[PDB]
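Asks: First, the structure itself, so that you have it in front of you.
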Amino acid sequence: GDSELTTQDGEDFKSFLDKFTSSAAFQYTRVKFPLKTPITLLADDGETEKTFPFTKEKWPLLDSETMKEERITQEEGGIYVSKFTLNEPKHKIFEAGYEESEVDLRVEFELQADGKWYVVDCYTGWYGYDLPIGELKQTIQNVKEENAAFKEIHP
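Under the entry's author numbering, the sequence shown is numbered contiguously, ending at residue 155.
Encoded structure:
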């Protein structure tokens, strides 16, 4: 303990990501909002896309097991791929979905001039294009139930 190491050109990926996977209370300290990815619910109109506020209220506490890269080869569904899409110094994407279908998950990180990394995407199917404008609050309840397990194991 004591000292610090943070270098002089912005923090490592691995350095911020380490506490990302292993501290709930710290995830809240490194995120932009509304993000690139707002929630967008098809309205009562059945054609009107209407966005909603992205905030901490709708922050599912993610774990270290989503941070794996694989390429599942099915024959009765599709090729499920979790692999990087851009390799920049200050910017780092992580998309998972079928090879040629939707994504379940997008997570994106921008390094800020503060030298701390910040999340800029919070897509995870929880806020996918698959829930109606009515069922919003139901999901936000149940996001707290998943978030309890995470924080009981590794807060």
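Here a beta-carbon is modelled for each residue, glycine too, at the ideal position from N, C-alpha and C.
On the three-state DSSP scale, how would you describe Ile153?
Replies: By 1-based counting over the sequence shown, the position of residue 153 is 153. Reduced to three states, the DSSP call for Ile153 is helix.
Asks: Starting from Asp18, trace the alpha helix (DSSP H) both ways and give me its first and last residue.
Replies: What you label residue 18 is simply residue 18 of the sequence shown in a count that begins at 1. First-last of the alpha helix (DSSP H) with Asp18: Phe13 to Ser22.
Asks: Based on the DSSP secondary-structure assignment, which residues constitute the bridge partners of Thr73?
Replies: Start at 1 with the first residue of the sequence shown, and residue 73 comes out as number 73. For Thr73, which the question treats as bridged, DSSP gives the partners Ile79.
Asks: Check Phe84 in the structure and name its three-state DSSP category.
Replies: Here residue 84 refers to the residue found at position 84 when the sequence shown is read from its first residue. Coil.
Asks: When the distance is taken between beta carbons, is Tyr98 closer than 8 Å to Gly78?
Replies: Walking along the sequence shown from the start, residue 78 turns up at place 78. Walking along the sequence shown from the start, residue 98 turns up at place 98. Result yes, Cβ atoms of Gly78 and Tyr98 sit closer than 8 Å.
Asks: Three-state secondary structure (DSSP) at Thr6?
Replies: In the sequence shown, residue 6 corresponds to position 6, counting from 1. Reduced to three states, the DSSP call for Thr6 is coil.
Asks: Would you check if the region 3-10 and the region 22-39 touch, i.e. whether three or more CB-CB distances between them fall below 8 Å?
Replies: Touching, no.
Asks: Which whole-angstrom value is the C-beta distance of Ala96 and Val81, which I expect to be below 8 Å?
Replies: Against the sequence shown, residue 96 aligns to sequence position 96. Against the sequence shown, residue 81 aligns to sequence position 81. About 7 Å; that satisfies the 8 Å criterion.
Asks: To test your reading of the DSSP string, which unbroken beta strand (DSSP E) runs of 3 or more residues are found completely within the region 99-134?
Replies: Listed in chain order, the complete beta strand (DSSP E) runs (minimum 3 residues) inside the region 99-134 are 103-111 and 117-123.
Asks: For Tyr28, count neighbouring Cβ atoms within 10 angstroms of its own Cβ and tell me buried if that reaches 16, exposed if not.
Replies: Locating residue 28 in the sequence shown gives position 28, where the first residue counts as 1. Exposed is the call here.
Asks: Alpha carbons only, please: which of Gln138, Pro132 and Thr124 is nearest the one belonging to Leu61?
Replies: As a first step, residue 61 must be located in the sequence shown, where it is residue number 61. When each option's Cα is compared against that of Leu61, the closest is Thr124.
Asks: If you draw a straight line from the C-alpha of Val143 to the C-alpha of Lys137, how long is it?
Replies: Against the sequence shown, residue 143 aligns to sequence position 143. Against the sequence shown, residue 137 aligns to sequence position 137. Spanning the two alpha carbons is a distance of roughly 10 Å.
Asks: Taking only the alpha-carbon atoms, compute the straight-line gap between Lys56 and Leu86 and give it to the nearest angstrom.
Replies: In the sequence shown, residue 56 corresponds to position 56, counting from 1. In the sequence shown, residue 86 corresponds to position 86, counting from 1. Cα to Cα, the separation comes out at about 27 Å.
Asks: Could you check if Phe54 is buried or exposed, using at least 16 other CB atoms within 10 Å of its CB as the buried criterion?
Replies: The sequence position of residue 54 within the sequence shown is 54, counting from 1. With 16 or more other Cβ atoms within 10 Å, it is buried.
Asks: Starting from the C-beta of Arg30, find all residues in its chain whose C-beta is less than 8 Å away, skip the five residues before and the five after it, and write them out in chain order.
Replies: Residue mapping note: residue 30 aligns to position 30 of the sequence shown, counting from 1. Once the five neighbours on either side are set aside, the close Cβ partners of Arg30 are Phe16, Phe20, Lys116, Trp117, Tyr118 and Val119.
Asks: Give me the residue from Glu76, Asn147, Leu111 and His154 with the minimum Cα distance to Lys90.
Replies: The sequence position of residue 90 within the sequence shown is 90, counting from 1. Ranking the options by Cα distance to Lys90, first place goes to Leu111.
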